[PDB]
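Q: Chains as they are written, first to last, in the authors' numbering: chain Y, 213 to 424; chain B, 114 to 227; chain V, 50 to 147; chain L, 184 to 503; chain P, 9 to 166; chain D, 202 to 235; chain S, 196 to 244.
Just so it is clear, CB atoms sit at the ideal spot from N, CA and C, and this is done for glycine as well.
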Amino acid sequence: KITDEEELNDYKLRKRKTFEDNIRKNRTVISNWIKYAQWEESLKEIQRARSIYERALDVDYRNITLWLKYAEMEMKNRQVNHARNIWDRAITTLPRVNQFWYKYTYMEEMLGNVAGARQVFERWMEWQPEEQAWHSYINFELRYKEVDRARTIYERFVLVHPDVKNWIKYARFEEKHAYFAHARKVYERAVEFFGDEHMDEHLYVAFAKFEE
Amino acid sequence: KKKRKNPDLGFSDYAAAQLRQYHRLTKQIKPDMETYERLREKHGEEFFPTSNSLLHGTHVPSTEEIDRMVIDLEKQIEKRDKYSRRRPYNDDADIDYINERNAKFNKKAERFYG
Amino acid sequence: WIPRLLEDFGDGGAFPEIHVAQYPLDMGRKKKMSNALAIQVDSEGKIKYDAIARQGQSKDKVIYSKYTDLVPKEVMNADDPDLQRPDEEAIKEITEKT
Amino acid sequence: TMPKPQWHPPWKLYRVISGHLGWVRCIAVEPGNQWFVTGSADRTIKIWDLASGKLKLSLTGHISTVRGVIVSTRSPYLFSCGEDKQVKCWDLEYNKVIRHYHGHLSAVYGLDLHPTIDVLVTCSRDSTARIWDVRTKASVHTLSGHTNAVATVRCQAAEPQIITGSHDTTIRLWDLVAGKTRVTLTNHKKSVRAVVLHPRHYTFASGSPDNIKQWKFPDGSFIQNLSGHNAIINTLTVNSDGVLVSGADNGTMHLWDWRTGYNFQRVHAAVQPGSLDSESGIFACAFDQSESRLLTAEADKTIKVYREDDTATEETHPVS
Amino acid sequence: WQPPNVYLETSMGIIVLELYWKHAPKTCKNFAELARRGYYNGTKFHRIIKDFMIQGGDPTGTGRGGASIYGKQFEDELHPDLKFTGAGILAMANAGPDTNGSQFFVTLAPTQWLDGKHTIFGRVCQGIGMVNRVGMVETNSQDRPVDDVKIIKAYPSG
Amino acid sequence: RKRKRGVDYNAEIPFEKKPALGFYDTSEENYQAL
Amino acid sequence: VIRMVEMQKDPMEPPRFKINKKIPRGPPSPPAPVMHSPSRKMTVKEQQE
């Protein structure tokens, strides 16, 4: 056990020079950088942690574990606004990595900033990401009521991903919430959109189920 | 009454596991329409911003909120800590491994040479 | 009447004849110097997030950071004078300067 | 869709030269069109006649793989560049090295010449390029900024004057005088080993195992894709008539239409008798000066010459 | 012809300013005729003094341009009791009396210094938080800030 | 006392890179001790 | 108004200062945004392959 000031400071020095020589030694694999920053955070010296993460991102910024460990460290230590700036830089420079958008939105929801979460979801959808992202957005709109927003999203969605399956899901959505006239309009729009030259079973099956 | 199941598969991409975890966490959350309407009647049309449309500088959170996300952080961190389930130190079988690195290399060799 | 709470501004406004420092809709008060950089907005009212990627850089830098940079431009044209090399006189100028 | 592509006739192999003792890694044609020059991984530089295919001469100075040759249009010089970190200037009135450019810290992967001023640009594995002064062997600029080997460099008289593609999957457009990067293009997911500039259109194309992409000068605005060739792409080469040749590393070679991006032929040549089938691969291709012949330098130690087919028509070989 | 609220939807936020013709008929008429005239589209903020002023409306964008509805410029229509004691007091500034042209100013705080040299001609009835945001932005050493912030729409009240 | 780079660890942030600033105010944030 | 005159260099004078100092290289430029096309999926079977 470390009595006090000078002995734990020597302990700091020894571990610290060990880390820094590892980094000088390889300067690559980020297991070293992360071990180091994890330690300097465990001692609650987080300005050193921030410097370490920044230097690491200077080495290799395309590495997503680095960004995630970093924003996690900021978030635990309640540095909310630091975490926001980090998520923003991350989704700016690596916009295809979906984890970043997911976790940024999830945080902003926890924190109670629903306006913020919608801002982020909108920015995300600008990239025309993937079905799962659109679903996540709609589910977000559905944990709150806001069903009109949900159908606006669905309008953009079925255009961005024109698959029969999505048209089906859209119709199913509106019927589950009992907008039967609108679901009929959905189905007629679906048929007239797809056209004969492609048109096959699944769509008609669901259309028959509805009208049945 | 309700019923569902979800089976585990290959980790295929880190994205798949991340997505599963997000699904679970999302399903958990329960939002208060009270605070939603309260926040609503103050700001109104600002509520519905496009990516590019509207702007208010910063939304400053009551600390009590911040505690929610911190707690969820600790929970997910633990759950992630348990990622690899360790197999108990079983000495019962024959030992042709000098140390634990060698024992694990022999195990990887067992999985590629049948 | 001397307006002290901005509610007395109705839709806003300072009362130049009222010998009080009017602070209508967050007006007047010098605030703390915060780090947040200028939340700029484009020439149509969009939020120019080009800023945060362009961090600390000139405007000579061309920064592709929008989705619209990925989309295939329809330049299937053998004819457009948009894409034809600079006339060899300008090339001669660049060669001499270089 | 698109307007419909121009019809180009297809190409047929008509000659197979074999005299090298290692992979052939670079190829170039003289200005006046009489001979071409190949550099190989047996550390020689052979000089062949372009009409007959006979071998005229063999120059042996390097210590390892010769990875690039070029012949200067303004002076009787051949500049070669090797994996021994050395860059050479052969004077072709005595056939002897007269000048050597020193300073790279690892193998030199490629090299190009400026068309009006007398400078050289070389790219190497230390992840830098250098702008050399042809006449005083002095390095006037070290273009640094990539984060991995710099696979390829091309230079032009217009602006920007230097395009480099590297193995960190990025392209950079540099200015020669200032010596720093104007634009960084990060659209590719895998190493960019091939770059080419259209002769008469202020556009360029860049090849990668994902797909070839087209870009528009001077700030590199995206134009379109060219997909279908899923292979490590070692070369791109464009004709003046809009034919674009994409040579891969498993031997397969696609021929495309430049303007609409329509792949109108796929050649899958055969390996020389004593070769394995895991040793088919194209390292360099070069159009003749008349733009009639297409020479390719291959990983089975042969040089294959293709000429256009003269007895085919839009109805024999229709355009899909 | 005294347009109540002249709406100048800048890029960085909406605005509409109420000019008191009873105190400032000449400059109220001038500014209304300019805003309905649409000549203010393209005017870059030629001066931004943090927590002091935002001044723009220059057809040069440098400060040596600007013209009025009666020619090049006209005199000031002074008020005894109207001042710059608070933000948003819309008063066309001048480099010399009786030469007030196209240039527009907007206070951001008490500017009791500009009293008597610029005729306080109203107050901005729309977009004061946006005025604060534009007043916080970082500017160059010539008060032509690094951001080329311009008005999208210039028009008066109906 | 003669070691050139030793105190490069325990006295100062070894090579300090301060985080970039974006669209939010990081000023009031400060953190606890151990 | 001041008069600049450049001081004579002594011909017989060796260099004055130690040139060879080593330091790690600076931070690079602000990372450019990675403009990719969206990732596709690898089935379990492919990762087996």
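1) Could you say which of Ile345/L, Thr479/L, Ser307/L and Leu368/L lies nearest to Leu419/L if we only look at CA atoms?
2) May I ask you to list, following chain order, the residues of the stretch 177-196 of chain B that have a beta carbon less than 7 Å from some beta carbon of chain Y?
3) Any Cβ of chain C within less than 9 Å of the Cβ of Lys219/D?
4) Looking at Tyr116/V and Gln340/Y, is the spacing between their C-beta atoms short of 9 Å?
5) Report the residues of the stretch 98-129 of chain V with a CB closer than 9 Å to any CB of chain D, ordered along the chain.
6) Reducing DSSP to helix, strand and coil, say where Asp440/L ends up.
7) So is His68/V buried or exposed if we call it buried at 16+ other beta carbons inside 10 Å?
8) Output yes or no for whether 9 Å exceeds the beta carbon distance between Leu356/L and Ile346/L.
9) Would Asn433/L pass as a contact of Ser463/L if the rule is Cβ separation under 9 Å?
10) How long is the line joining the alpha carbons of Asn446/L and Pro392/L, rounded to whole angstroms?
11) Tell whether a beta-carbon distance below 9 Å holds between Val139/P and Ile62/P.
12) Between the beta-carbon of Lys399/L and the beta-carbon of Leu196/L, is there less than 9 Å?
13) Going by DSSP, name the residue or residues bridged to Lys195/L.
14) Under a CB-based cut-off of 9 Å, is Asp57/V close to chain B?
15) Assess contact between the stretch 348-367 of chain Y and the stretch 314-326 of chain Y, defined as three or more Cβ pairs (one per stretch) separated by less than 8 Å. Is contact present?
16) Please list, in chain order, the residues of the stretch 301-317 of chain Y that have any C-beta partner in chain B closer than 7 Å.
17) Pull up the DSSP beta-bridge partners for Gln407/L, would you.
18) Inspect the beta-carbon positions of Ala63/V and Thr304/Y and report whether they are closer than 9 Å.
19) Could you tell me the boundaries of the beta strand (DSSP E) in which residue 504/L lies?
20) Does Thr171/B come out as helix, strand or coil in the three-state DSSP assignment?
21) Measuring only between beta-carbons, confirm whether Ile143/V sits less than 9 Å from chain L.
22) Residues of chain P with CB closer than 8 Å to the CB of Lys79/V, please, in chain order.
23) When you compare only the Cα positions, how much space is there between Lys110/V and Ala340/L?
24) Run through chain B and tell me which residues come within less than 7 Å of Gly407/Y, C-beta to C-beta.
25) Whose C-beta lies closer than 6 Å to the C-beta of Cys468/L among residues of the same chain, with five residues either side of it excluded?
26) In this structure, how does DSSP classify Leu261/L when only helix, strand and coil are distinguished?
27) Count the other CB atoms, across all protein chains shown, that sit within 10 Å of the CB of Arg131/P; report buried if there are 16 or more and exposed otherwise.
28) I'd like to know whether the C-beta of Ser175/B is nearer than 9 Å to at least one C-beta of chain V.
29) From the beta carbon of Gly157/B, is the nearest beta carbon of chain V less than 9 Å away?
30) Any C-beta of chain V within less than 8 Å: which residues of the stretch 206-236 of chain S qualify?
31) Which chain L residues are close to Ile96/V, counting only those with a beta carbon under 9 Å from its beta carbon?
32) Which residues in the same chain have their Cβ closer than 8 Å to the Cβ of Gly411/L, if we skip the five residues on either side of it in sequence?
33) Our contact map puts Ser327/L next to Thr352/L with C-beta atoms below 8 Å; I'd like the distance itself, whole angstroms only.
34) Consider the Cβ of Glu146/P: report whether some Cβ of chain V lies at a distance smaller than 9 Å.
35) Please work out which residues of its chain come closer than 6 Å, Cβ to Cβ, to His126/P, disregarding the five sequence neighbours upstream and downstream, and give them in chain order.
36) Which residue from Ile281/L, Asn278/L, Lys271/L and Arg313/L puts its Cα closest to that of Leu288/L?
A: By the coordinates alone:
1) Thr479/L
2) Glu178, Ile179, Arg181, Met182, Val183, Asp185 and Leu186
3) Of the chains in the structure shown, none is chain C; the protein chains are Y, B, V, L, P, D and S.
4) yes
5) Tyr98, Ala100, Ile101, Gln104 and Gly105
6) strand
7) exposed
8) yes
9) yes
10) 16 Å
11) yes
12) no
13) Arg490/L
14) no
15) yes
16) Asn310, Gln311 and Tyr314
17) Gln397/L
18) no
19) A query on residue 504/L cannot be resolved here, the shown segment of chain L reaching from 184 to 503 and no further.
20) coil
21) yes
22) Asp59 and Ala117
23) 21 Å
24) In chain order: nothing, as chain B lies at least about 31 Å away.
25) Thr418, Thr420, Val428, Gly430 and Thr479
26) strand
27) buried
28) no
29) no
30) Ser224, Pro225, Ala227, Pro228, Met230 and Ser232
31) Within 9 Å Cβ-Cβ: nothing; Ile96/V doesn't reach chain L, min ~23 Å.
32) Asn394, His437 and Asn446
33) 17 Å between Cβ atoms; not a contact.
34) yes
35) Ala99 and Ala101
36) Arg313/L
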